[PDB]
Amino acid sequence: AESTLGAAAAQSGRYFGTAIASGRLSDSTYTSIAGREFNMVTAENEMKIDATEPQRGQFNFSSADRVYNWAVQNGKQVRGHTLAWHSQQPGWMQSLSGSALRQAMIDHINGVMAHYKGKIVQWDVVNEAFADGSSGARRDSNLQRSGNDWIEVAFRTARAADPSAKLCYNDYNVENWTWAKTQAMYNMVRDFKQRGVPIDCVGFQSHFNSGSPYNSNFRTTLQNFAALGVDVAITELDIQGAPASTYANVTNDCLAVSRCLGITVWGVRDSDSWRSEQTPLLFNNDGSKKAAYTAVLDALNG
């Protein structure tokens, strides 16, 4: 047994990560608890398209590198998040469509991945490409309107840019095996594997709440994606109300699936959360451990 989340995960070769925000890196409580507890970091915003390429062709890695360097100085690996996405696009990219957008998408992938080549264990190459609801359709965006192949092109680009990185597709509302969105993502990954599209991993954001609740069948989802020949990762876990039982359940689903790489929670203290009103994380506002912390640690320790 181990006394911290990352170390406990590492006993089985897994990680326990968090999202890190550069604007919080002057908060001594934040940096010390995050430093102690996690062995994997995702930048909460700093590696997104707008942050890294604020004008076309003009990269700015200052905030991204602050997060990256904090991670490596503190003994963590890094998940890169995210290269191609409808959200948080800079204005210049929102104005592009079709072939011009395709070139810009490719250029963005190449430039960001080159900056971090060999340094990033997993990239969320593509984020949130499916619609919610019963259709299983692709989400509408400039990217999708450029062609159904946008996603595969992004992956092929990423494979060439950094052959050392695990290339992940990341999404939410894809945890429940019975949901249409989950099935759409399953069919995509299966199709990609069958056609030689390079994809190594699927990220389950795992933003569980009353409208999109955890189900025990998450384990079935994880198993079934693993059986396609991809790793699986829980990438942005948070749970409305931070119920200890649900947190243990998710943890045990990862531990039960050999291809589950690890778990990232989407922030440190409840007050750091993008959904702080839902108190959905493992640490209280004052940095103390919640009941859910103990349930996760105990699960990681068997």
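From 1 onward, residues are counted along the sequence shown.
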Quick one: higher average CA temperature factor, 282 to 290 or 14 to 22?
282 to 290
Greater mean Cα temperature factor according to the PDB record, 149 to 157 or 194 to 202
194 to 202
With respect to the C-alpha temperature factors reported in the PDB entry, which of 80, 90, 213, 118 ranks highest?
118
Return the residue from 173, 144, 170, 135 that has the highest Cα B-factor in the entry.
135
CA B-factor placement of residue 235, once the chain's modelled residues are sorted into thirds
lowest
Comparing against every modelled residue in the chain, figure out the third that the C-alpha B-factor of residue 125 lands in (lowest, middle or highest).
lowest
Using the temperature factors of the C-alpha atoms in this entry, rank residue 273 within its chain: lowest, middle or highest third.
lowest
Lowest, middle or highest third of the chain for the C-alpha temperature factor of residue 27?
middle
Taking the chain's C-alpha temperature factors as the reference, tell me which third residue 42 falls into: lowest, middle or highest.
lowest
